[PDB]
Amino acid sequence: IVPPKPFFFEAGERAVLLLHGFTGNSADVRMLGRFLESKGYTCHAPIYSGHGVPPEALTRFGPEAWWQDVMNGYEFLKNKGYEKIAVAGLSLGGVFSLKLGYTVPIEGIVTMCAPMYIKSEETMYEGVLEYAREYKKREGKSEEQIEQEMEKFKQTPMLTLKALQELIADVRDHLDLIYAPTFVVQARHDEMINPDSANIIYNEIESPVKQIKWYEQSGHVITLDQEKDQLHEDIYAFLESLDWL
């Protein structure tokens, strides 16, 4: 477990912004970045506030702060002189990718298993606890110590869950503003979201250029699953299909 840090793989002129999922971090898009970098693409991956640190901090942040991190990520590349910027995000990152799509100039959009349907706050929170549990286990903490820490954790309500539902709904509601070439990626039997969200995106954006690929043997965190290699190739071919300079 290497300490979660933002990464910047500088290479050619073509830049790609990589956004991770809720509860995840830059490691979830690190292998994708390294691959693109090996193909001459400059990549940058920020870490959302409350992420890449002990679970407790997560409750103190929502989409508002994460959106600020996303925009700072875009700005991070713009300030570096990079003019053409494509964006690729995982799950929540895919929602922020689409939003960026109609907020600033984007060369291309890759959404990987982005939700367009909302889950109950109870469900979302279950995922949060399961995330904290696993993070505690990865800390080398004894089982007993884990169960104690997890008790104090539930002691702090998470207001963020509701803002997340709203973010999802708002973006879906603005899909018709997206014109940038879009590549929709979806795990056919995604265990965390309704895979149909892939159809929502593809069918509702206004992009004259768009494609959708279904991965039959993958789970939600598709970047870390067994079809990763093909996924890398498919994204590369899409980026290569864009104009750039």
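When you see a residue number, it is the position in the sequence shown, counting from 1.
Between 72 to 80 and 146 to 154, it is 146 to 154 that carries the larger average Cα temperature factor according to the deposited entry. Averaged over CA atoms, B-factors in the entry run higher in 137 to 145 than in the other of 171 to 179 and 137 to 145. Residue-level inspection of the entry shows that, of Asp190, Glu56, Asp196, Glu64, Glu56 has the top Cα B-factor. Among the modelled residues of the chain, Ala11 sits in the highest third by CA temperature factor in this PDB entry. Among all modelled residues in its chain, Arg34 ranks in the middle third by Cα B-factor. When the modelled residues of the chain are ordered by C-alpha B-factor, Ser91 sits in the lowest third.
Sorting the modelled residues of the chain by their CA temperature factor places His51 in the middle third. Compared with the other modelled residues of the chain, the Cα B-factor recorded for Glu107 ranks in the lowest third.
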